[PDB]
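Below is one structure, written out as structure tokens; comments come after it.
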Amino acid sequence: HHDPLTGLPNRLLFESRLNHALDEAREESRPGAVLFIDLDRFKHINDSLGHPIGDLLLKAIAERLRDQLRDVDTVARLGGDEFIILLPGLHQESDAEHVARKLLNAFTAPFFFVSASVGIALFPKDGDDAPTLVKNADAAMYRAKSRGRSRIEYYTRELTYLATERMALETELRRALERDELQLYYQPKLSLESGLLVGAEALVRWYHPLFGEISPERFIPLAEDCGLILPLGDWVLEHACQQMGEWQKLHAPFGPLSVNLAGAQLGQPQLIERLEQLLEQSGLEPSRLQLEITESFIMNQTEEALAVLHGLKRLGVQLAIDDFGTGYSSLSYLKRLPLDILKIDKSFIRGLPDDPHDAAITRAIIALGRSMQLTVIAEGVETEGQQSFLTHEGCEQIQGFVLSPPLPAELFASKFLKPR
Amino acid sequence: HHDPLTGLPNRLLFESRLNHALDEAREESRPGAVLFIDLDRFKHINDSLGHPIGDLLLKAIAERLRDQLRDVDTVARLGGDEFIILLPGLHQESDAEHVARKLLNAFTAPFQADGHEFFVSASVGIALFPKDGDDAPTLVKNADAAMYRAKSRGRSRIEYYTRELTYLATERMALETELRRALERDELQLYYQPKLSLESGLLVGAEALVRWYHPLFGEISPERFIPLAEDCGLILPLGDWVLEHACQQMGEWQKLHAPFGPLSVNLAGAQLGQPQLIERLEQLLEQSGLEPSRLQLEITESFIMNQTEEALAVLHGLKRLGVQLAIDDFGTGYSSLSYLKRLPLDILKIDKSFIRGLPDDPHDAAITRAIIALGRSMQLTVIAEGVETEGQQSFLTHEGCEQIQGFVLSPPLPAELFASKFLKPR
Ligand SMILES: Nc1nc2c(ncn2[C@@H]2O[C@H](COP(=O)(O)OP(=O)(O)OP(=O)(O)O)[C@@H](O)[C@H]2O)c(=O)[nH]1
Ligand SMILES: Nc1nc2c(ncn2[C@@H]2O[C@H](COP(=O)(O)OP(=O)(O)OP(=O)(O)O)[C@@H](O)[C@H]2O)c(=O)[nH]1
Ligand SMILES: [Ca+2]
Ligand SMILES: [Ca+2]
Ligand SMILES: [Ca+2]
Ligand SMILES: [Ca+2]
Ligand SMILES: [Ca+2]
């Protein structure tokens with residue numbers, strides 16, 4: 001009746017408790033919460049460290065989850081790396097919030113560091129029976145996966161379908177290449193000192209007849225999830241290289257071409273040798289290619305990236321840290337990284353210049369970047385006012401809608417490139 | 001001859017069965033084991049659920065351990081929340097390890113008391129015979145020490161005996177009593193370290209640092225006795241003592257000498273958890289006739305970046321009083337630039353690790369140069385800590401570091417000596 005490994009109640013027992021909780025709810029109009037907790041990227045840990053460590057980490061997390069709740073509450077392992085939590089007898093519906101953060105914050109400390117995404121389903125608001133509530137909380141949890149990770153999300157009518165949609169995309173992504181469904185769009189970069197074009201970024205567009213245009217931000221995670229990141233990443237790299245190689249012949253220089261590089265790709269053994277090859281074929285000087293690695297990966301409290309990163313520098317490729325400013329980071333480790341560029345996350349820029357918090361952190365990032373001799377570029381710049389603000393504050397480069405949204409090669413060349 | 005409540009054999013009966021086993025062990029030349037099991041944080045269980053439940057829990061625990069062992073094996077209640085176990089016949093010492101874990105995993109599942117089920121844990125010490133002793137008392141003693149070791153190296157764990165374990169266990173107990181006494185007899189002492197400004201060259205304040213000398217043990221370092229306090233629940237009493245005395249002295253100094261900057265005091269993580277902190281702090285200031293502006297509370301980064309929603313609201317409350325807030329040991333590990341701004345900080349203290357390498361080390365320079373730029377941008381009074389050499393102070397000045405603190409200025413001084421060395425008349 002209890003999970004042997006963790007000693008926690010099983011799915012069955014839980015649903016018995018939830019029923020009593022539901023009776024309690026309708027008898028004494030006292031709302032409740034069902035939280036679904038799934039661990040962030042646990043396979044990589046099982047492979048990286050082996051079951052021995054895994055089975056242990058689960059026991060540890062189990063305990064720490066219990067130590068965060070009251071005796072009235074219930075914590076169960078639902079199977080796999082998934083814990084379902086029952087908060088009955090909430091005085092107010094908003095209480096589930098404070099208890100959610102506690103649970104999420106239990107993971108901030110170490111155990112070996114792991115993370116988890118939480119989905120909240122309130123009752124009876126979001127369901128009046130066990131299967132429905134469990135099903136919804138899960139759907140919420142998936143939305144936390146959808147929106148980055150290591151976060152909590154609430155259930156909303158729509159996001160049950162959004163969850164099953166993402167699942168569908170994973171299988172279709174396998175056919176993406178066979179069908180001519182992948183494209184590269186290009187976005188210009190602007191330096192504020194001068195008024196000149198200083199480079200561009202390649203973005204991956206995936207089209208599907210059922211689901212329409214899929215966004216790059218949502219595309220890569222999917223490719224990672226279904227283990228196609230390598231094959232797809234290679235396709236993206238090569239086509240980026242090809243495009244730059246072509247432009248070098250039919251158009252005047254505008255700087256380097258930028259591309260997102262997934263951690264999984266950084267983990268490959270033949271990457272550096274692969275890139276050499278690709279750069280040679282297109283007749284490209286290595287520095288003409290810029291690889292963007294997202295901060296959250298680099299700052300996973302495990303400096304496994306250094307080794308490879310230096311190789312890429314010895315190759316001559318430019319390295320940029322992407323989506324910087326959010327979450328946790330290490331200043332010590334930030335300097336040890338051979339980076340040329342630091343990209344300011346959109347979130348902080350979208351608020352410029354009105355919001356003082358965003359403005360405050362933008363300055364901090366700007367000043368931090370110059371101290372560590374890194375070129376600072378702001379991404380998501382949407383208004384002339386933001387550009388002006390960033391210009392005074394001494395941001396070096398901008399990228400976003402003020403200049404141009406992503407464009408197809410032809411339109412991009414047509415609009416921004418000159419002859420030579 | 002049996003524990004009434006649990007139905008388990010008491011220590012007298014256990015002793016005879018241990019003695020008999022020892023006899024067989026000598027002749028037959030066979031190894032054995034005595035295991036000491038002490039429930040983990042069971043006081044909290046009684047506090048939150050009450051004896052009636054705790055008794056049922058003990059009864060439940062006792063019965064589950066019984067099931068985990070052979071017939072030749074015997075489980076006994078030594079007394080309180082402590083159980084003791086004997087493994088008479090072992091093929092080899094390796095076998096004891098195996099049996100120890102069995103008993104651990106028995107605490108994995110929760111235990112059933114009335115309607116509910118609660119999880120309890122335990123620490124386990126192991127003593128082998130005749131390796132670790134050939135008589136009952138020393139085997140129990142040594143097995144107990146290992147339990148205390150398991151108790152100190154963490155919990156819900158197992159530990160084997162080692163020659164040095166007994167002393168460590170007693171010392172830890174002694175230091176507790178001595179701390180408890182010192183705290184209760186005002187036998188701790190505050191030392192004071194000056195802070196200088198590089199922008200001017202005049203005093204900018206001072207830090208109050210807790211010291212503890214004991215003739216029998218000598219100077220007990222804070223690194224040693226603060227965890228002790230945290231472990232045996234004396235940190236709240238300690239922090240309160242530190243605050244009051246830190247205030248008193250400053251107040252007294254407000255009258256006697258002239259204003260020389262504010263006084264900084266470290267605020268342990270748990271002190272922030274105190275619900276009455278703000279109420280209590282205000283009184284402390286009022287009593288000493290100290291403007292809140294005169295007092296600064298230093299809080300370690302590692303803790304503040306681990307903070308919750310309850311912590312940020314308090315930090316505001318502390319500012320509402322007018323006291324200054326400072327982030328201590330800054331830049332070492334992983335932190336959040338986003339969360340750093342939302343804090344109403346006034347001061348930023350650069351960790352001693354980055355400043356002790358100045359200026360020869362290239363990395364430590366880059367980071368120190370970064371932290372200054374960071375603090376400046378956020379409008380935070382940046383201050384170097386642990387400044388030892390002149391070359392280090394030089395560097396910090398050419399790199400725009402506002403304030404400074406360390407041996408280069410002066411080591412922590414006793415009150416009289418401080419007042420006589422850095423303090424001028426009202
Ligand atoms: N060590 C251990 N691993 C388990 C256990 N149960 C499930 N897992 C692992 O948990 C992983 C589940 O991964 P998913 O939830 O599919 O995806 P993920 O790798 O966690 O990454 P996300 O998609 O971010 O959740 C699998 O690799 C399982 O082998 C267990 O009892 N012990
Ligand atoms: N209900 C009940 N409680 C008992 C009995 N005997 C001892 N206890 C409790 O067991 C607790 C023993 O606490 P300690 O061993 O001093 O420390 P702890 O709180 O267990 O924490 P540790 O440092 O991990 O041992 C006390 O709070 C006692 O009240 C008993 O017969 N019945
Ligand atoms: Ca998972
Ligand atoms: Ca899962
Ligand atoms: Ca990017
Ligand atoms: Ca105990
Ligand atoms: Ca300090």
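Residues are referred to by chain and number: the chain letter is A, B, ... according to the order shown in the structure tokens, the number counts from 1 in that chain, and ligands are numbered separately from 1 in the order shown.
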
- Message: Let me see if you get this right: every residue at most 8 Å from ligand 2, counting only C-alpha atoms and all ligand atoms, written as a PyMOL selection string.
- Response: chain B and resi 5+38-47+50-58+79-82+122-123+151+155+232

- Task: Give me, as a list in words, the contact residues of chain B against chain A at a cut-off of 6 Å, counting only C-alpha atoms.
- Result: residues 108, 109, 333, 334, 335, 336, 370, 374 and 377 of chain B

Could you please write out, as a PDB file with C-alpha atoms, in the first residue's frame, every residue of segment 207-249 of chain B that DSSP assigns to alpha helix (DSSP H)?
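Everything below was put into part_9.pdb:
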ATOM      1  CA  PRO B 222      33.162  31.037  16.090  1.00  0.00           C
ATOM      2  CA  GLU B 223      33.502  28.534  13.227  1.00  0.00           C
ATOM      3  CA  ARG B 224      33.570  25.913  15.961  1.00  0.00           C
ATOM      4  CA  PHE B 225      30.984  27.180  18.456  1.00  0.00           C
ATOM      5  CA  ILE B 226      28.322  28.703  16.181  1.00  0.00           C
ATOM      6  CA  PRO B 227      27.460  25.382  14.533  1.00  0.00           C
ATOM      7  CA  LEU B 228      27.459  23.953  18.062  1.00  0.00           C
ATOM      8  CA  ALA B 229      24.837  26.532  19.018  1.00  0.00           C
ATOM      9  CA  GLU B 230      22.872  25.804  15.839  1.00  0.00           C
ATOM     10  CA  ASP B 231      23.075  22.059  16.576  1.00  0.00           C
ATOM     11  CA  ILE B 235      21.773  30.270  18.332  1.00  0.00           C
ATOM     12  CA  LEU B 236      18.650  32.269  19.207  1.00  0.00           C
ATOM     13  CA  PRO B 237      19.896  32.880  22.773  1.00  0.00           C
ATOM     14  CA  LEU B 238      23.330  33.629  21.294  1.00  0.00           C
ATOM     15  CA  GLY B 239      22.060  36.112  18.709  1.00  0.00           C
ATOM     16  CA  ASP B 240      19.894  37.890  21.261  1.00  0.00           C
ATOM     17  CA  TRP B 241      22.880  38.172  23.594  1.00  0.00           C
ATOM     18  CA  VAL B 242      25.021  39.454  20.736  1.00  0.00           C
ATOM     19  CA  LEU B 243      22.461  42.061  19.663  1.00  0.00           C
ATOM     20  CA  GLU B 244      21.766  43.459  23.143  1.00  0.00           C
ATOM     21  CA  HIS B 245      25.451  43.733  24.017  1.00  0.00           C
ATOM     22  CA  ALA B 246      26.268  45.129  20.576  1.00  0.00           C
ATOM     23  CA  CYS B 247      23.658  47.820  21.170  1.00  0.00           C
ATOM     24  CA  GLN B 248      24.587  48.578  24.779  1.00  0.00           C
ATOM     25  CA  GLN B 249      28.216  49.205  23.868  1.00  0.00           C
TER      26      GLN B 249
END

- What lies within 10 Å of residue 208 of chain B using only C-alpha atoms, ignoring chain neighbours under 4 positions off, as number ranges by chain? B: 189-194, 242-243, 245-247, 249-250, 263-266, 412-415

- Message: Within 8 Å of ligand 1 (counting only C-alpha atoms and all ligand atoms), which residues show up? I'd like them as a PyMOL selection string.
- Response: chain A and resi 5+38-46+50-58+79-82+116+145+149+225

- Message: What does the list of residues within 10 Å of ligand 5 look like if you count only C-alpha atoms and all ligand atoms, written as a PyMOL selection string?
- Response: chain A and resi 201-203+216-217+258-261+291-294+320-323+343+345+379

- Query: Within 9 Å of ligand 7, counting only C-alpha atoms and all ligand atoms, which protein or nucleic acid residues do you find, written as a ChimeraX atom specification?
  - Reply: /B:207-209,264-267,297-300,326-329,349,385

How would the residues just chosen look if you wrote them out with N, CA and C atoms as a CSV table (one decimal), in the first residue's frame?
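The resulting file, part.csv, is reproduced below:
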chain,number,residue,atom,x,y,z
B,207,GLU,N,32.7,46.7,13.1
B,207,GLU,CA,31.9,45.4,13.2
B,207,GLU,C,32.2,44.8,14.6
B,208,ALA,N,31.1,44.3,15.2
B,208,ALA,CA,31.1,43.6,16.5
B,208,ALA,C,31.1,42.1,16.2
B,209,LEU,N,32.2,41.5,16.7
B,209,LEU,CA,32.4,40.1,16.5
B,209,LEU,C,32.5,39.3,17.8
B,264,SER,N,28.3,47.2,12.9
B,264,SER,CA,27.8,46.0,12.1
B,264,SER,C,27.7,44.8,13.0
B,265,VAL,N,26.7,44.0,12.9
B,265,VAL,CA,26.6,42.7,13.6
B,265,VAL,C,26.0,41.7,12.7
B,266,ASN,N,26.6,40.5,12.6
B,266,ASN,CA,26.1,39.4,11.9
B,266,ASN,C,24.8,38.9,12.5
B,267,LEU,N,23.8,38.6,11.6
B,267,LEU,CA,22.5,38.1,12.0
B,267,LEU,C,22.3,36.7,11.5
B,297,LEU,N,22.8,45.4,10.3
B,297,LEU,CA,22.7,43.9,10.4
B,297,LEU,C,23.3,43.3,9.2
B,298,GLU,N,24.3,42.5,9.3
B,298,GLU,CA,25.0,41.8,8.2
B,298,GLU,C,24.3,40.4,8.1
B,299,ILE,N,24.0,40.1,6.9
B,299,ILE,CA,23.4,38.8,6.6
B,299,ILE,C,24.2,38.1,5.5
B,300,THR,N,24.5,36.8,5.7
B,300,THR,CA,25.4,36.0,4.7
B,300,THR,C,24.6,35.8,3.4
B,326,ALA,N,23.1,44.7,5.3
B,326,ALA,CA,24.3,44.4,4.5
B,326,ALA,C,24.4,42.9,4.1
B,327,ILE,N,24.8,42.7,2.9
B,327,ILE,CA,25.0,41.3,2.4
B,327,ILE,C,26.5,41.0,2.6
B,328,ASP,N,26.7,39.9,3.4
B,328,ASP,CA,28.0,39.5,3.8
B,328,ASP,C,28.5,38.3,2.9
B,329,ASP,N,29.9,38.2,2.8
B,329,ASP,CA,30.5,37.2,2.1
B,329,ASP,C,29.9,37.1,0.6
B,349,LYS,N,29.3,43.4,1.0
B,349,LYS,CA,30.6,43.0,1.6
B,349,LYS,C,31.3,41.9,0.7
B,385,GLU,N,36.4,43.2,2.5
B,385,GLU,CA,36.6,42.6,3.8
B,385,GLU,C,37.8,41.7,3.9

- Message: Can you pull out every residue from segment 55-287 of chain A that DSSP, working from the backbone, puts in strand (DSSP E or B), and format the result as a ChimeraX atom specification?
- Response: /A:74-79,82-87,115-123,152-154,182-191,197-208,212-214,257-260

- Within 7 Å of residue 31 of chain A, counting only C-alpha atoms, which residues qualify if same-chain residues fewer than 6 places away don't, as number ranges by chain? A: 25, 89-90, 93, 123-124

Selection: 12 Å around residue 126 of chain A, only C-alpha atoms, excl. self and same-chain fewer than 4 positions, as a PDB file with N, CA and C atoms, in the first residue's frame:
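Result saved to result32.pdb:
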ATOM      1  N   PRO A  31     -12.125  24.678   0.467  1.00  0.00           N
ATOM      2  CA  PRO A  31     -11.387  24.319  -0.746  1.00  0.00           C
ATOM      3  C   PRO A  31     -10.068  23.603  -0.464  1.00  0.00           C
ATOM      4  N   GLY A  32      -9.523  22.958  -1.491  1.00  0.00           N
ATOM      5  CA  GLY A  32      -8.265  22.236  -1.347  1.00  0.00           C
ATOM      6  C   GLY A  32      -7.388  22.345  -2.576  1.00  0.00           C
ATOM      7  N   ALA A  33      -6.177  21.807  -2.479  1.00  0.00           N
ATOM      8  CA  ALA A  33      -5.242  21.855  -3.594  1.00  0.00           C
ATOM      9  C   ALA A  33      -4.598  20.503  -3.872  1.00  0.00           C
ATOM     10  N   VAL A  34      -4.367  20.244  -5.153  1.00  0.00           N
ATOM     11  CA  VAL A  34      -3.631  19.070  -5.590  1.00  0.00           C
ATOM     12  C   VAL A  34      -2.426  19.544  -6.390  1.00  0.00           C
ATOM     13  N   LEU A  35      -1.234  19.247  -5.884  1.00  0.00           N
ATOM     14  CA  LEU A  35       0.004  19.653  -6.534  1.00  0.00           C
ATOM     15  C   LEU A  35       0.685  18.454  -7.178  1.00  0.00           C
ATOM     16  N   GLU A  93      -8.224  30.015  -1.016  1.00  0.00           N
ATOM     17  CA  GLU A  93      -7.748  29.389  -2.243  1.00  0.00           C
ATOM     18  C   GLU A  93      -6.304  29.788  -2.551  1.00  0.00           C
ATOM     19  N   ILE A 120      -0.283  23.107 -10.171  1.00  0.00           N
ATOM     20  CA  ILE A 120      -1.309  23.215  -9.142  1.00  0.00           C
ATOM     21  C   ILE A 120      -2.704  23.066  -9.735  1.00  0.00           C
ATOM     22  N   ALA A 121      -3.525  22.240  -9.095  1.00  0.00           N
ATOM     23  CA  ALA A 121      -4.935  22.135  -9.447  1.00  0.00           C
ATOM     24  C   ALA A 121      -5.768  22.297  -8.183  1.00  0.00           C
ATOM     25  N   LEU A 122      -6.525  23.386  -8.116  1.00  0.00           N
ATOM     26  CA  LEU A 122      -7.373  23.658  -6.964  1.00  0.00           C
ATOM     27  C   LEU A 122      -8.678  22.896  -7.090  1.00  0.00           C
ATOM     28  N   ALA A 130     -11.035  12.617  -8.187  1.00  0.00           N
ATOM     29  CA  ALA A 130      -9.607  12.288  -8.177  1.00  0.00           C
ATOM     30  C   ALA A 130      -8.956  12.302  -9.561  1.00  0.00           C
ATOM     31  N   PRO A 131      -9.450  11.457 -10.477  1.00  0.00           N
ATOM     32  CA  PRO A 131      -8.854  11.384 -11.810  1.00  0.00           C
ATOM     33  C   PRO A 131      -8.769  12.743 -12.500  1.00  0.00           C
ATOM     34  N   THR A 132      -9.830  13.536 -12.395  1.00  0.00           N
ATOM     35  CA  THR A 132      -9.874  14.835 -13.054  1.00  0.00           C
ATOM     36  C   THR A 132      -8.820  15.765 -12.472  1.00  0.00           C
ATOM     37  N   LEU A 133      -8.812  15.886 -11.149  1.00  0.00           N
ATOM     38  CA  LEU A 133      -7.843  16.737 -10.466  1.00  0.00           C
ATOM     39  C   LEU A 133      -6.409  16.300 -10.768  1.00  0.00           C
ATOM     40  N   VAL A 134      -6.133  15.008 -10.614  1.00  0.00           N
ATOM     41  CA  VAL A 134      -4.803  14.497 -10.932  1.00  0.00           C
ATOM     42  C   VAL A 134      -4.450  14.822 -12.380  1.00  0.00           C
ATOM     43  N   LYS A 135      -5.403  14.595 -13.277  1.00  0.00           N
ATOM     44  CA  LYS A 135      -5.189  14.836 -14.698  1.00  0.00           C
ATOM     45  C   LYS A 135      -4.867  16.303 -14.962  1.00  0.00           C
ATOM     46  N   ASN A 136      -5.594  17.195 -14.301  1.00  0.00           N
ATOM     47  CA  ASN A 136      -5.385  18.628 -14.486  1.00  0.00           C
ATOM     48  C   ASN A 136      -4.059  19.093 -13.888  1.00  0.00           C
ATOM     49  N   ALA A 137      -3.806  18.741 -12.631  1.00  0.00           N
ATOM     50  CA  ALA A 137      -2.542  19.106 -11.993  1.00  0.00           C
ATOM     51  C   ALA A 137      -1.360  18.726 -12.891  1.00  0.00           C
ATOM     52  N   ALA A 139      -1.454  18.339 -16.174  1.00  0.00           N
ATOM     53  CA  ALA A 139      -1.483  19.253 -17.307  1.00  0.00           C
ATOM     54  C   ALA A 139      -0.825  20.581 -16.942  1.00  0.00           C
ATOM     55  N   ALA A 140      -1.078  21.053 -15.726  1.00  0.00           N
ATOM     56  CA  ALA A 140      -0.424  22.257 -15.230  1.00  0.00           C
ATOM     57  C   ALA A 140       1.083  22.042 -15.168  1.00  0.00           C
ATOM     58  N   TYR A 154      -0.377  27.129 -12.676  1.00  0.00           N
ATOM     59  CA  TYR A 154      -1.728  26.778 -12.278  1.00  0.00           C
ATOM     60  C   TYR A 154      -2.461  26.149 -13.436  1.00  0.00           C
ATOM     61  N   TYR A 155      -3.538  25.439 -13.130  1.00  0.00           N
ATOM     62  CA  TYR A 155      -4.351  24.851 -14.175  1.00  0.00           C
ATOM     63  C   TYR A 155      -5.248  25.906 -14.800  1.00  0.00           C
ATOM     64  N   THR A 156      -5.294  25.908 -16.128  1.00  0.00           N
ATOM     65  CA  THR A 156      -6.234  26.730 -16.874  1.00  0.00           C
ATOM     66  C   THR A 156      -6.876  25.869 -17.961  1.00  0.00           C
ATOM     67  N   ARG A 157      -8.189  26.008 -18.115  1.00  0.00           N
ATOM     68  CA  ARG A 157      -8.961  25.192 -19.052  1.00  0.00           C
ATOM     69  C   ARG A 157      -8.164  24.762 -20.285  1.00  0.00           C
ATOM     70  N   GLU A 158      -7.521  25.722 -20.941  1.00  0.00           N
ATOM     71  CA  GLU A 158      -6.861  25.472 -22.222  1.00  0.00           C
ATOM     72  C   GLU A 158      -5.678  24.504 -22.146  1.00  0.00           C
ATOM     73  N   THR A 160      -4.783  21.811 -20.858  1.00  0.00           N
ATOM     74  CA  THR A 160      -4.871  20.352 -20.879  1.00  0.00           C
ATOM     75  C   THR A 160      -4.599  19.878 -22.299  1.00  0.00           C
TER      76      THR A 160
END

- Message: If we count only C-alpha atoms and set the cut-off at 12 Å, which residues sit around residue 310 of chain B, ignoring sequence neighbours fewer than 6 positions away in its own chain? Please answer as number ranges by chain.
- Response: A: 98-99, 101-102; B: 272-275, 304, 316-317

Would you save the residues from that selection as a PDB file, in the first residue's frame, using C-alpha atoms?
ATOM      1  CA  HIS A  98       2.701  29.904  -0.319  1.00  0.00           C
ATOM      2  CA  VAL A  99       2.940  26.113   0.139  1.00  0.00           C
ATOM      3  CA  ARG A 101       6.859  28.086  -3.257  1.00  0.00           C
ATOM      4  CA  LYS A 102       8.085  26.252  -0.151  1.00  0.00           C
TER       5      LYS A 102
ATOM      6  CA  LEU B 272      15.491  36.237  10.988  1.00  0.00           C
ATOM      7  CA  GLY B 273      12.952  33.451  11.486  1.00  0.00           C
ATOM      8  CA  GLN B 274      12.058  34.847  14.917  1.00  0.00           C
ATOM      9  CA  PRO B 275       8.554  36.388  14.754  1.00  0.00           C
ATOM     10  CA  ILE B 304      19.706  35.310   1.769  1.00  0.00           C
ATOM     11  CA  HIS B 316      11.535  45.500   4.813  1.00  0.00           C
ATOM     12  CA  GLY B 317      10.340  45.574   8.427  1.00  0.00           C
TER      13      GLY B 317
END

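Excluding residue 231 of chain A and any residue on its chain fewer than 2 positions from it, the residues at most 12 Å away by only C-alpha atoms are residues 173, 174, 176, 177, 220, 223, 224, 226, 227, 228, 229, 233, 234, 235, 236, 237, 238, 262, 264, 265, 268 and 271 of chain A.
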
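Across the model, the gap from atom CA of residue 200 of chain B to atom CA of residue 348 of chain B is 18.5 Å.
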